[PDB]
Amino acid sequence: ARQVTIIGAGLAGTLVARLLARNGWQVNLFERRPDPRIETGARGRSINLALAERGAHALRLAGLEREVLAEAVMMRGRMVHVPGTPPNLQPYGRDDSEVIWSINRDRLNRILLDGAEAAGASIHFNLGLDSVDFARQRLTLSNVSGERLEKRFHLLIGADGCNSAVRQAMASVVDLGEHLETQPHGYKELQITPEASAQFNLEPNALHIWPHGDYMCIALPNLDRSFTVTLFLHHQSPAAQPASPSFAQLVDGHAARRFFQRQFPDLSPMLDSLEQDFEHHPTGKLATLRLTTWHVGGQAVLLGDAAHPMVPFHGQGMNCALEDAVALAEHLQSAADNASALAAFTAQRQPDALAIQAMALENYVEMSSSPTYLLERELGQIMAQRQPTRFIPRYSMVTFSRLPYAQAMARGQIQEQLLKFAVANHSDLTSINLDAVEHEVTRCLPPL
């Protein structure tokens, strides 16, 4: 049986462990954290993510989708909250088959852990990867106390997140051609209780947004009607705009409350523990990291966040990580050797990871922010009605299809260009020749 060592029992690592182990591979998975399935007396916060078709299909292939969806909250559309106006629901798709799912991160991780062990993988917790000796095929792990353990490896999979120790080790034997693009927004996680969400009539079957230009809040529902609220806000105020809001200006919980009362007045009354959450929850960091190289011969490979950290504005990081796990398991299972598998995996996934990284950055302005843009959307809907196999909105291609991200981006750009060009020099839909725009759709977009 072929052997593999996986670092990181997160989302991609556990899925790839199950897929390989059920194909008869001898799988050892090492995780720095303790086993979350071991119930303790600790009070762990109910953080969520959005599961879309790419992640759902990966779980479906693994035979875990039904179990994950049993605890997932349907999000039918985007609920935009702007003070003065009642909340407006913008459905994401054509019906309830085109929705996204709010899932508890910890619950998803537990189902994946159970799944990997059921398939025969061995999971070793409280062991963090410190270093790799590629020449000797040995690695060094340690617990929180720094007590070291050395292990031999045959194939190493780095599924160890955005601050990957496997990636750092690879960078000592190969030039990974890394480019780090820091993101100016930090994030803070806050909570809305089930009582508060019900009192203020907050729709449970929607993804909620409080746009505010340079900053915003997003809320995702939980099964118990609580919501996680995430504030995206600059770590520091820029030189050009010193007065502009930032985390640096919010010195304590009381400052955060005054900021919410002024900038998010319909949201602040729903945030009962705002002061405590602000002070006790650390401010998260966001970034985009692009690598030229994801592997070292047939010895080691990166996937998910270890390979391609991205900004979370499209809710596609986990979806991409699960899609990566399927691709990696498929290449490893069927290749002539590990070296061929790793090179083919990298060649297939790298253009798609770059496309989703770019689309995730672009989606911030879509959420956080026009007379011309409403005319564009109206025109885009007519085109989607007239040519349903040619004109598919970019959000739908990314979220509800398994079309390669690079193709979704390329088709999305043609669509965005067509709409922009068509509405330019026109104030309304009645002055636009619909058949001429449709001819450009049939000319530039092959049917899918």
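In this text, the rigid core denotes the largest set of C-alpha atoms whose superposition between the two forms falls within 1.5 Å. Heads up: residue numbers just count along the shown sequence, starting at 1.
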Between 17 to 25 and 436 to 444, larger RMS Cα displacement in 7 other deposited structures of this protein after core fit | 436 to 444
Greater root mean square CA deviation, 321 to 329 compared with 201 to 209 in 7 other deposited structures of this protein, core aligned | 201 to 209
Unresolved deposited residues in the interval that joins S369 and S370 = 1 to 3
Pick between 140 to 148 and 153 to 161: the one whose mean CA B-factor in the entry is higher.
-> 140 to 148
On average, are the C-alpha B-factors higher in 27 to 35 or in 378 to 386?
-> 378 to 386
Between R54, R394, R45, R60, where does the Cα B-factor run highest in the record?
-> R45
Using the temperature factors in the entry, find which of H208, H280, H124, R76 has the highest value at its Cα atom.
-> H280
The third of the chain into which the C-alpha temperature factor of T442 falls is the highest
With respect to C-alpha B-factor, does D95 fall in the lowest, middle or highest third of the chain as deposited?
-> highest
Relative C-alpha B-factor of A239, binned into the chain's lowest, middle or highest third = highest
If you rank the chain by CA B-factor, which third does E203 end up in: lowest, middle or highest?
-> lowest
With respect to C-alpha B-factor, does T399 fall in the lowest, middle or highest third of the chain as deposited?
-> lowest
